[PDB]
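Trainee: Below is the file structure_26.txt, which contains compact mmCIF, C-alpha atoms and all ligand atoms.
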```
# COMPACT_ATOMS: atom_id res chain seq x y z
CA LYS A 4 -16.22 14.73 5.28
CA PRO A 5 -15.24 11.05 5.71
CA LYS A 6 -11.77 9.67 4.98
CA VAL A 7 -11.08 6.01 4.23
CA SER A 8 -8.16 4.57 6.20
CA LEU A 9 -6.34 1.28 5.52
CA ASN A 10 -4.63 -1.42 7.57
CA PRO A 11 -1.95 -2.42 6.68
CA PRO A 12 -1.13 1.11 5.41
CA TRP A 13 0.20 -0.55 2.27
CA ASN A 14 -2.09 0.27 -0.66
CA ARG A 15 -0.22 -1.99 -3.14
CA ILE A 16 -0.66 -5.64 -2.23
CA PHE A 17 0.12 -9.11 -3.54
CA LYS A 18 -2.46 -11.69 -4.59
CA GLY A 19 -4.23 -13.51 -1.78
CA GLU A 20 -3.28 -11.03 0.99
CA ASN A 21 -5.88 -9.33 3.24
CA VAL A 22 -6.58 -5.63 3.81
CA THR A 23 -9.14 -3.70 5.90
CA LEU A 24 -10.90 -0.46 4.86
CA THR A 25 -12.23 1.56 7.80
CA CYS A 26 -14.50 4.58 7.21
CA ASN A 27 -13.60 7.91 8.83
CA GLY A 28 -13.12 6.78 12.41
CA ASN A 29 -9.87 6.01 14.24
CA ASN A 30 -11.10 3.56 16.90
CA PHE A 31 -14.75 3.43 18.00
CA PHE A 32 -17.73 4.39 15.80
CA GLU A 33 -21.52 4.08 16.16
CA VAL A 34 -23.57 4.10 12.95
CA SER A 35 -24.40 0.87 11.05
CA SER A 36 -25.21 2.76 7.85
CA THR A 37 -21.96 3.04 5.93
CA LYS A 38 -21.69 3.01 2.14
CA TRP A 39 -18.96 1.41 0.01
CA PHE A 40 -18.50 2.01 -3.70
CA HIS A 41 -16.04 -0.46 -5.29
CA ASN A 42 -15.35 0.99 -8.78
CA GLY A 43 -18.43 3.14 -8.25
CA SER A 44 -20.77 0.15 -7.93
CA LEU A 45 -22.42 0.09 -4.51
CA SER A 46 -21.23 -2.70 -2.21
CA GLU A 47 -23.02 -5.23 0.02
CA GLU A 48 -21.35 -4.38 3.34
CA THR A 49 -22.83 -1.79 5.70
CA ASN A 50 -20.53 -2.06 8.69
CA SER A 51 -17.93 0.76 8.83
CA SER A 52 -15.14 -1.82 8.42
CA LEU A 53 -15.03 -3.42 4.96
CA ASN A 54 -12.66 -6.36 5.02
CA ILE A 55 -10.90 -7.88 2.03
CA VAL A 56 -9.73 -11.47 2.17
CA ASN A 57 -7.71 -13.57 -0.31
CA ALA A 58 -6.86 -10.75 -2.67
CA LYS A 59 -8.17 -11.37 -6.19
CA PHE A 60 -7.12 -9.08 -9.02
CA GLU A 61 -10.73 -7.91 -9.17
CA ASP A 62 -10.35 -6.36 -5.72
CA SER A 63 -7.88 -3.91 -7.23
CA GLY A 64 -9.78 -0.68 -7.67
CA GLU A 65 -11.26 2.60 -6.43
CA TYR A 66 -13.24 2.65 -3.14
CA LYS A 67 -15.20 5.12 -0.97
CA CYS A 68 -17.60 5.51 1.97
CA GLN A 69 -20.43 7.95 2.73
CA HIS A 70 -22.90 8.31 5.61
CA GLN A 71 -26.62 9.11 5.79
CA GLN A 72 -26.07 12.86 5.37
CA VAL A 73 -22.40 13.19 4.39
CA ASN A 74 -20.66 13.68 1.05
CA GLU A 75 -18.77 10.56 -0.11
CA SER A 76 -15.07 10.30 0.82
CA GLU A 77 -12.17 10.92 -1.55
CA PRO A 78 -11.80 7.56 -3.38
CA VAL A 79 -8.69 5.47 -2.68
CA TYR A 80 -7.10 3.11 -5.18
CA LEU A 81 -5.97 -0.39 -4.30
CA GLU A 82 -3.66 -2.34 -6.61
CA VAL A 83 -2.89 -6.07 -6.38
CA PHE A 84 0.21 -7.74 -7.74
CA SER A 85 1.88 -10.99 -8.63
CA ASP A 86 5.68 -10.90 -8.63
CA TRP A 87 8.75 -11.87 -6.60
CA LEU A 88 9.25 -8.49 -4.95
CA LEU A 89 6.85 -5.57 -4.60
CA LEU A 90 7.85 -2.14 -3.35
CA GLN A 91 5.32 -0.87 -0.83
CA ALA A 92 4.88 2.77 0.21
CA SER A 93 2.96 4.26 3.13
CA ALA A 94 1.53 7.01 1.01
CA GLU A 95 2.52 7.87 -2.58
CA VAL A 96 2.08 11.64 -2.27
CA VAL A 97 3.24 13.63 0.76
CA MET A 98 3.19 17.10 2.39
CA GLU A 99 6.71 18.41 3.09
CA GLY A 100 7.49 17.40 6.68
CA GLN A 101 5.26 14.30 7.01
CA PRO A 102 6.45 10.73 7.57
CA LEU A 103 7.44 8.31 4.83
CA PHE A 104 7.88 4.50 4.99
CA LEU A 105 9.02 2.28 2.10
CA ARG A 106 9.17 -1.48 2.20
CA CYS A 107 10.84 -4.04 -0.07
CA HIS A 108 8.19 -6.76 0.13
CA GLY A 109 8.93 -10.34 -0.72
CA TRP A 110 6.38 -12.80 -2.08
CA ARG A 111 4.45 -15.15 0.24
CA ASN A 112 6.00 -13.06 2.98
CA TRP A 113 9.19 -15.09 2.49
CA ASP A 114 12.56 -13.76 3.60
CA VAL A 115 14.74 -11.49 1.44
CA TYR A 116 18.47 -10.92 1.91
CA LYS A 117 21.18 -8.57 0.54
CA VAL A 118 18.71 -5.74 0.17
CA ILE A 119 19.34 -2.41 -1.55
CA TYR A 120 16.86 0.36 -2.17
CA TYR A 121 17.35 2.63 -5.20
CA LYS A 122 16.19 6.20 -5.78
CA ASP A 123 16.55 7.59 -9.30
CA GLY A 124 19.00 4.93 -10.46
CA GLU A 125 21.29 5.54 -7.44
CA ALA A 126 22.20 3.00 -4.79
CA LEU A 127 20.71 4.21 -1.51
CA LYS A 128 20.65 1.90 1.50
CA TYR A 129 21.81 -1.69 2.06
CA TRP A 130 21.27 -4.56 4.54
CA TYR A 131 21.56 -8.34 4.90
CA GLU A 132 18.38 -9.48 6.65
CA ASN A 133 16.23 -6.74 5.11
CA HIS A 134 14.74 -3.61 6.61
CA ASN A 135 12.11 -0.87 6.05
CA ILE A 136 13.71 2.42 4.85
CA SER A 137 11.85 4.91 7.09
CA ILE A 138 11.45 8.67 7.03
CA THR A 139 10.15 10.90 9.83
CA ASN A 140 10.50 14.48 8.66
CA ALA A 141 10.07 14.52 4.86
CA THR A 142 12.07 16.81 2.59
CA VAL A 143 10.93 17.68 -0.90
CA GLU A 144 14.20 16.29 -2.28
CA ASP A 145 12.98 12.87 -1.10
CA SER A 146 10.53 12.92 -4.03
CA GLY A 147 11.65 10.49 -6.72
CA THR A 148 11.34 7.06 -8.30
CA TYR A 149 12.26 4.08 -6.08
CA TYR A 150 12.75 0.29 -6.54
CA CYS A 151 14.57 -2.38 -4.52
CA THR A 152 16.78 -5.43 -5.17
CA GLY A 153 17.32 -8.55 -3.12
CA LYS A 154 18.09 -12.27 -2.97
CA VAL A 155 15.14 -14.67 -2.44
CA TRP A 156 16.07 -18.30 -1.72
CA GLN A 157 19.15 -18.21 -3.93
CA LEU A 158 18.31 -15.87 -6.83
CA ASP A 159 18.37 -12.10 -7.27
CA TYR A 160 15.26 -10.09 -8.11
CA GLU A 161 14.37 -6.54 -9.01
CA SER A 162 11.11 -4.80 -8.01
CA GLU A 163 8.75 -2.77 -10.16
CA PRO A 164 9.79 0.95 -10.01
CA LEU A 165 7.69 3.40 -7.97
CA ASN A 166 7.14 7.15 -8.22
CA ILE A 167 6.84 9.32 -5.12
CA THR A 168 5.99 12.97 -4.83
CA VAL A 169 6.47 15.27 -1.88
CA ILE A 170 4.65 18.59 -2.43
CA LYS A 171 4.88 21.75 -0.29
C1 LIG B 1 -12.12 -1.82 -11.13
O1 LIG B 1 -11.44 -1.32 -12.29
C2 LIG B 1 -10.11 -1.87 -12.45
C3 LIG B 1 -9.55 -1.30 -13.74
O2 LIG B 1 -8.28 -0.70 -13.53
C4 LIG B 1 -10.15 -3.42 -12.48
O3 LIG B 1 -8.80 -3.92 -12.42
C5 LIG B 1 -8.33 -4.61 -13.52
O4 LIG B 1 -8.82 -5.97 -13.43
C6 LIG B 1 -8.29 -6.87 -14.46
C7 LIG B 1 -8.93 -8.23 -14.25
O5 LIG B 1 -8.69 -8.73 -12.95
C8 LIG B 1 -6.75 -6.90 -14.44
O6 LIG B 1 -6.25 -7.65 -15.57
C9 LIG B 1 -6.05 -9.02 -15.49
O7 LIG B 1 -4.62 -9.23 -15.36
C10 LIG B 1 -4.27 -10.63 -15.42
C11 LIG B 1 -2.81 -10.75 -15.04
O8 LIG B 1 -2.00 -9.82 -15.74
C12 LIG B 1 -4.67 -11.19 -16.81
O9 LIG B 1 -4.24 -12.53 -16.95
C13 LIG B 1 -6.19 -11.10 -16.99
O10 LIG B 1 -6.57 -11.54 -18.29
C14 LIG B 1 -6.58 -9.63 -16.81
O11 LIG B 1 -6.08 -8.90 -17.92
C15 LIG B 1 -6.29 -5.46 -14.61
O12 LIG B 1 -4.88 -5.36 -14.70
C16 LIG B 1 -6.81 -4.62 -13.47
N1 LIG B 1 -6.29 -3.27 -13.58
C17 LIG B 1 -5.28 -2.92 -12.80
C18 LIG B 1 -4.70 -1.53 -13.01
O13 LIG B 1 -4.80 -3.66 -11.93
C19 LIG B 1 -10.95 -3.99 -11.31
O14 LIG B 1 -11.08 -5.40 -11.45
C20 LIG B 1 -12.32 -3.33 -11.27
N2 LIG B 1 -13.09 -3.86 -10.16
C21 LIG B 1 -14.23 -4.51 -10.42
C22 LIG B 1 -14.99 -5.06 -9.23
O15 LIG B 1 -14.66 -4.67 -11.56
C1 LIG B 2 -6.00 -13.70 5.38
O1 LIG B 2 -6.95 -14.18 6.33
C2 LIG B 2 -6.96 -15.62 6.45
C3 LIG B 2 -8.12 -15.93 7.37
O2 LIG B 2 -7.85 -15.51 8.70
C4 LIG B 2 -5.58 -16.16 6.92
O3 LIG B 2 -5.56 -17.61 6.82
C5 LIG B 2 -6.07 -18.30 7.92
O4 LIG B 2 -5.01 -19.10 8.48
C6 LIG B 2 -5.41 -19.76 9.70
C7 LIG B 2 -4.20 -20.48 10.25
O5 LIG B 2 -3.74 -19.86 11.45
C8 LIG B 2 -6.63 -20.68 9.47
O6 LIG B 2 -7.13 -21.15 10.73
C9 LIG B 2 -7.76 -19.92 8.75
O7 LIG B 2 -8.81 -20.80 8.43
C10 LIG B 2 -7.25 -19.23 7.49
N1 LIG B 2 -8.31 -18.43 6.89
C11 LIG B 2 -8.68 -18.59 5.62
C12 LIG B 2 -9.73 -17.63 5.11
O8 LIG B 2 -8.21 -19.46 4.86
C13 LIG B 2 -4.47 -15.61 6.01
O9 LIG B 2 -3.18 -15.94 6.54
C14 LIG B 2 -4.58 -14.09 5.84
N2 LIG B 2 -3.60 -13.64 4.87
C15 LIG B 2 -2.37 -13.31 5.28
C16 LIG B 2 -1.46 -12.70 4.23
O10 LIG B 2 -1.98 -13.48 6.44
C1 LIG B 3 7.45 8.39 -12.93
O1 LIG B 3 7.60 9.77 -13.28
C2 LIG B 3 8.49 9.96 -14.39
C3 LIG B 3 8.66 11.46 -14.56
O2 LIG B 3 9.33 12.03 -13.45
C4 LIG B 3 7.94 9.26 -15.64
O3 LIG B 3 8.93 9.30 -16.69
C5 LIG B 3 8.63 10.07 -17.80
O4 LIG B 3 7.78 9.31 -18.68
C6 LIG B 3 7.35 10.08 -19.83
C7 LIG B 3 6.43 9.19 -20.64
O5 LIG B 3 6.44 7.86 -20.14
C8 LIG B 3 8.57 10.58 -20.65
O6 LIG B 3 8.14 11.43 -21.71
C9 LIG B 3 9.55 11.33 -19.73
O7 LIG B 3 10.72 11.68 -20.46
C10 LIG B 3 9.91 10.45 -18.54
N1 LIG B 3 10.83 11.14 -17.65
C11 LIG B 3 11.97 10.55 -17.31
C12 LIG B 3 12.90 11.32 -16.38
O8 LIG B 3 12.29 9.42 -17.71
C13 LIG B 3 7.60 7.79 -15.35
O9 LIG B 3 6.89 7.24 -16.45
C14 LIG B 3 6.77 7.64 -14.08
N2 LIG B 3 6.65 6.24 -13.75
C15 LIG B 3 5.58 5.78 -13.12
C16 LIG B 3 5.57 4.30 -12.73
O10 LIG B 3 4.60 6.49 -12.84
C1 LIG B 4 -18.34 -4.20 12.52
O1 LIG B 4 -18.48 -2.87 13.05
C2 LIG B 4 -17.91 -2.69 14.38
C3 LIG B 4 -18.19 -1.24 14.79
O2 LIG B 4 -19.51 -0.82 14.45
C4 LIG B 4 -16.39 -3.03 14.36
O3 LIG B 4 -15.85 -2.94 15.67
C5 LIG B 4 -16.16 -4.45 13.82
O4 LIG B 4 -14.75 -4.71 13.69
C6 LIG B 4 -16.84 -4.60 12.44
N1 LIG B 4 -16.69 -5.97 11.98
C7 LIG B 4 -16.28 -6.22 10.74
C8 LIG B 4 -16.18 -7.67 10.31
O5 LIG B 4 -15.98 -5.32 9.94
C1 LIG B 5 -21.41 18.53 0.52
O1 LIG B 5 -21.88 18.32 -0.82
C2 LIG B 5 -22.58 19.48 -1.36
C3 LIG B 5 -23.12 19.08 -2.73
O2 LIG B 5 -23.86 17.87 -2.68
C4 LIG B 5 -21.63 20.68 -1.44
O3 LIG B 5 -22.33 21.82 -1.91
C5 LIG B 5 -21.03 20.97 -0.05
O4 LIG B 5 -20.05 22.00 -0.15
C6 LIG B 5 -20.39 19.70 0.54
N1 LIG B 5 -19.95 19.97 1.90
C7 LIG B 5 -18.76 20.53 2.12
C8 LIG B 5 -18.34 20.74 3.58
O5 LIG B 5 -17.99 20.87 1.22
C1 LIG B 6 9.29 -3.73 8.92
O1 LIG B 6 8.99 -4.58 7.81
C2 LIG B 6 8.61 -5.90 8.21
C3 LIG B 6 8.67 -6.76 6.97
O2 LIG B 6 9.65 -7.77 7.13
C4 LIG B 6 7.26 -5.85 8.91
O3 LIG B 6 6.84 -7.17 9.25
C5 LIG B 6 7.43 -5.02 10.19
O4 LIG B 6 6.16 -4.84 10.81
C6 LIG B 6 8.09 -3.62 9.92
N1 LIG B 6 8.55 -3.05 11.18
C7 LIG B 6 8.01 -1.95 11.71
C8 LIG B 6 8.55 -1.52 13.07
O5 LIG B 6 7.11 -1.30 11.16
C1 LIG B 7 11.76 19.08 9.69
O1 LIG B 7 13.06 19.39 9.16
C2 LIG B 7 13.18 20.79 8.82
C3 LIG B 7 14.53 21.00 8.15
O2 LIG B 7 14.77 20.03 7.13
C4 LIG B 7 13.03 21.66 10.08
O3 LIG B 7 13.09 23.03 9.73
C5 LIG B 7 11.70 21.36 10.77
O4 LIG B 7 11.62 22.07 12.00
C6 LIG B 7 11.56 19.84 11.01
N1 LIG B 7 10.24 19.54 11.55
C7 LIG B 7 10.11 19.12 12.80
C8 LIG B 7 8.71 18.79 13.28
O5 LIG B 7 11.08 19.00 13.58
```
Mind converting the file's structure to structure tokens?
Ligand SMILES: *[C@@H]1O[C@H](CO)[C@@H](O[C@@H]2O[C@H](CO)[C@@H](O[C@@H]3O[C@H](CO)[C@@H](O)[C@H](O)[C@@H]3O)[C@H](O)[C@H]2NC(C)=O)[C@H](O)[C@H]1NC(C)=O
Ligand SMILES: *[C@@H]1O[C@H](CO)[C@@H](O[C@@H]2O[C@H](CO)[C@@H](O)[C@H](O)[C@H]2NC(C)=O)[C@H](O)[C@H]1NC(C)=O
Ligand SMILES: *[C@@H]1O[C@H](CO)[C@@H](O[C@@H]2O[C@H](CO)[C@@H](O)[C@H](O)[C@H]2NC(C)=O)[C@H](O)[C@H]1NC(C)=O
Ligand SMILES: *[C@@H]1O[C@H](CO)[C@@H](O)[C@H](O)[C@H]1NC(C)=O
Ligand SMILES: *[C@@H]1O[C@H](CO)[C@@H](O)[C@H](O)[C@H]1NC(C)=O
Ligand SMILES: *[C@@H]1O[C@H](CO)[C@@H](O)[C@H](O)[C@H]1NC(C)=O
Ligand SMILES: *[C@@H]1O[C@H](CO)[C@@H](O)[C@H](O)[C@H]1NC(C)=O
Mentor:
Amino acid sequence: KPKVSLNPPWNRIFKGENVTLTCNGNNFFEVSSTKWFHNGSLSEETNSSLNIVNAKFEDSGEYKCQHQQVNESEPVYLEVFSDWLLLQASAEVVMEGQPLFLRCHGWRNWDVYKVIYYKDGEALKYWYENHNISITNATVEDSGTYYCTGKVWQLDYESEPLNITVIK
């Protein structure tokens, strides 16, 4: 029962950014026989750590790993974007009580100011130099649709809206 982990945790990334997919293993692993299935199609890497460099739209997809005698892991979907601001979430679905981190991500990792996060059309939090609205203990009422607004350079921008569900 393997489980694909990511680093950054962000599973919604811009174009050209890099992400690393590690197969069920927190720190140190042994085997050299690891399988990767990008969109189902077997991959060319064997190492347990499948890196992804300059993010091309084609990288967006469904992945998974399996060992010699283990049933393939629950696929994970990676989406790549091109836009001024992208709203990133730790996980999109959560178990009541778990942690939750949302991030109003600027393009080219620039700097965003006058930030405001919104949940279900309501103003929620606000800062100058931006922040990362974080949640330790997650309530089910936290489930909703978020999006953020901010000033890049000297213009305002709105982010694509994102759904989030906290089940019990
Ligand atoms: C795995 O399957 C997914 C299908 O969801 C593939 O992702 C899709 O890839 C295409 C081509 O990169 C994306 O569309 C492109 O968008 C640009 C910009 O809007 C446009 O100018 C191009 O003409 C093209 O339409 C498409 O949106 C994307 N799907 C999603 C949801 O992001 C992915 O490429 C597949 N992986 C492999 C290795 O085939
Ligand atoms: C993705 O990885 C690349 C490679 O490490 C990063 O760009 C590197 O930038 C350094 C400058 O310190 C150069 O020495 C390398 O040659 C560059 N690598 C490549 C492949 O061009 C890049 O910054 C990473 N992406 C992000 C978002 O940080
Ligand atoms: C987020 O979830 C909401 C539902 O909570 C989706 O909105 C519904 O969309 C369907 C069809 O698009 C409509 O029939 C419903 O009336 C909508 N509900 C509301 C309250 O507007 C929404 O499409 C989802 N968005 C994403 C990005 O997944
Ligand atoms: C290759 O695998 C080892 C562990 O077997 C790991 O420490 C290392 O980071 C991996 N290298 C790459 C490029 O994935
Ligand atoms: C492993 O996969 C087989 C089918 O190939 C399935 O019967 C079995 O239940 C799986 N292992 C576990 C722990 O579920
Ligand atoms: C908060 O978000 C920023 C983005 O500006 C990121 O670089 C940083 O690592 C995050 N801080 C923490 C403590 O996770
Ligand atoms: C999380 O918060 C709930 C109340 O909202 C509380 O009952 C529970 O003990 C908290 N969990 C932890 C680990 O403190």
Trainee: Using all atoms listed in the file, find each residue with an atom at most 10 Å away from ligand LIG 7 (chain B) and format the answer as a ChimeraX atom specification.
Mentor: /A:99-101,139-143
Trainee: Need the shell around segment 41-50 of chain A: protein/DNA/RNA residues with any atom at most 9 Å away, counting all atoms listed in the file. Skip same-chain ones fewer than 3 positions apart. Format as a PyMOL selection string?
Mentor: chain A and resi 34-38+53+62+64-67
Trainee: Please, which residues have at least one atom within 12 Å of an atom of ligand LIG 6 (chain B), using only C-alpha atoms and all ligand atoms, listed as a ChimeraX atom specification?
Mentor: /A:10-13,89-93,103-116,118,132-138
Trainee: Interatomic distance between atom CA of residue 81 of chain A and atom CA of residue 156 of chain A?
Mentor: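 Going from atom CA of residue 81 of chain A over to atom CA of residue 156 of chain A, I get 28.5 Å.
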Trainee: List all protein, DNA and RNA residues that have at least one atom no more than 10 Å from any atom of ligand LIG 5 (chain B), counting only C-alpha atoms and all ligand atoms, and write them as an NGL selection string.
Mentor: :A and (4 or 72-75)
Trainee: Include C-alpha atoms and write out the residues we just selected as an mmCIF file, in the coordinates of the input.
Mentor:
```
data_model
loop_
_atom_site.group_PDB
_atom_site.id
_atom_site.type_symbol
_atom_site.label_atom_id
_atom_site.label_comp_id
_atom_site.auth_asym_id
_atom_site.auth_seq_id
_atom_site.Cartn_x
_atom_site.Cartn_y
_atom_site.Cartn_z
ATOM 1 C CA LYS A 4 -16.220 14.730 5.280
ATOM 2 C CA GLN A 72 -26.070 12.860 5.370
ATOM 3 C CA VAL A 73 -22.400 13.190 4.390
ATOM 4 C CA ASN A 74 -20.660 13.680 1.050
ATOM 5 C CA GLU A 75 -18.770 10.560 -0.110
#
```
Trainee: Give me the residues of chain A that have any atom at most 10 Å from an atom of ligand LIG 3 (chain B); for each, the nearest atom pair and the distance in Å, rounded to one decimal. Use only C-alpha atoms and all ligand atoms, sort by chain and number, and format it as a Markdown table.
Mentor:
```
| residue | atom | partner | partner_atom | distance |
| --- | --- | --- | --- | --- |
| A:123 | CA | B:LIG3 | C12 | 8.8 |
| A:146 | CA | B:LIG3 | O2 | 9.5 |
| A:147 | CA | B:LIG3 | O2 | 7.3 |
| A:148 | CA | B:LIG3 | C1 | 6.2 |
| A:149 | CA | B:LIG3 | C1 | 9.4 |
| A:163 | CA | B:LIG3 | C16 | 8.2 |
| A:164 | CA | B:LIG3 | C16 | 6.0 |
| A:165 | CA | B:LIG3 | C16 | 5.3 |
| A:166 | CA | B:LIG3 | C1 | 4.9 |
| A:167 | CA | B:LIG3 | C1 | 7.9 |
| A:168 | CA | B:LIG3 | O1 | 9.2 |
```
Trainee: Give one line per residue of chain A that approaches ligand LIG 2 (chain B) to at most 8 Å, naming the two atoms of the closest pair and their distance in Å to one decimal, counting all atoms listed in the file; sort by chain then ascending residue number and deliver it as JSON lines.
Mentor:
```
{"residue": "A:19", "atom": "CA", "partner": "B:LIG2", "partner_atom": "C16", "distance": 6.7}
{"residue": "A:20", "atom": "CA", "partner": "B:LIG2", "partner_atom": "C16", "distance": 4.1}
{"residue": "A:21", "atom": "CA", "partner": "B:LIG2", "partner_atom": "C1", "distance": 4.9}
{"residue": "A:56", "atom": "CA", "partner": "B:LIG2", "partner_atom": "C1", "distance": 5.4}
{"residue": "A:57", "atom": "CA", "partner": "B:LIG2", "partner_atom": "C1", "distance": 5.9}
{"residue": "A:111", "atom": "CA", "partner": "B:LIG2", "partner_atom": "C16", "distance": 7.5}
{"residue": "A:112", "atom": "CA", "partner": "B:LIG2", "partner_atom": "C16", "distance": 7.6}
```
Trainee: Put a box with edges along x, y and z around all the listed atoms of segment 19-28 of chain A, pad it by 5 Å on each side, then give me its centre and sizes in Å, one decimal, as JSON.
Mentor:
```
{"center_x": -8.9, "center_y": -2.8, "center_z": 5.3, "size_x": 21.2, "size_y": 31.4, "size_z": 24.2}
```
Trainee: Give me, please, the distance in Å between atom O8 of ligand LIG 1 (chain B) and atom CA of residue 86 of chain A, quoted to one decimal.
Mentor: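 These atoms are spaced 10.5 Å apart.
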Trainee: Just checking: using all atoms listed in the file, which residue out of A:129, A:40, A:150, A:32 ends up closest to residue 52 of chain A?
Mentor: A:32
Trainee: How many Å lie between atom CA of residue 153 of chain A and atom CA of residue 84 of chain A, rounded to one decimal?
Mentor: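 Atom-to-atom, atom CA of residue 153 of chain A and atom CA of residue 84 of chain A are spaced 17.7 Å apart.
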